[PDB]
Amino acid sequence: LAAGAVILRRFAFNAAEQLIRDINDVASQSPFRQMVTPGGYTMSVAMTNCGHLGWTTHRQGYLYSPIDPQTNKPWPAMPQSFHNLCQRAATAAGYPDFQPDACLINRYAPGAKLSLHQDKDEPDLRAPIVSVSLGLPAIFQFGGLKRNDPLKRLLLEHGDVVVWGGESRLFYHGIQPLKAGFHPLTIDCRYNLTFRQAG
């Protein structure tokens, strides 16, 4: 299916309520904003970050910055619930030495999407990315190392954690338009946390 990927469905179910309270706390310092891609187009996914470094869009491309380009202040600290859940997920996946210094928080409104891309801004591509899904379900689509590779679909639901390691770490991926619906903890959206080793 996906070489190197360890899928832990509903792993973050118990931590969900606290993770959502902490997303709101992070958002009060560094608000969710729809980032502008280097070409001048606003993304449909709303983003923010927590930790020492944060994923951002810039004029010359994409980069990690210790400063929030909107607030001009540092990104909020990595919440304890975030650190604990990532550590437990990474350890269960065979990565006990994984220490993330960045967590990109994505918010998906109904219809929000993320087109095919590779995560290649990190210094060591051998280091995995821990993905945590919360709220409304979304269809995650992935291919291979090159753009013309056949697409495979995977539904990511509330509490689903995937540790993208090995070959899966380099796969082209995205999110199909979020279907409208209801979730008791997020109301009308989906949140996705992606823990990265960026320094």
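Note that residue numbering begins at 1 and tracks the sequence as displayed. In this text, the rigid core denotes the largest set of C-alpha atoms whose superposition between the two forms falls within 1.5 Å.
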With the rigid core as the fit anchor, does 98-106 or 121-129 show bigger C-alpha shifts in 4 other deposited structures of this protein? 121-129
Divergent stretch in 4 other deposited structures of this protein, 42-50 or 161-169 [C-alpha RMS, superposed by the core]: 161-169
Looking at the entry, does 64-72 or 136-144 show the higher mean C-alpha B-factor? 136-144
Stretch with higher mean Cα temperature factor, 34-42 vs 49-57, is 34-42
Per the coordinate record, which of the options 81, 99, 118, 106 holds the highest CA temperature factor? 99
Could you look up the Cα B-factor of residue 86 in the entry and say which third of the chain it sits in: lowest, middle or highest? middle
Tertile call for residue 151 (CA temperature factor, within chain, third-based) is the highest
In terms of its chain's C-alpha B-factors, the third that includes residue 170 is the highest
Based on the entry's values, in what third of the chain does the Cα temperature factor of residue 77 lie: lowest, middle or highest? middle
Mind checking which third residue 16 falls in for C-alpha B-factor across the chain? middle
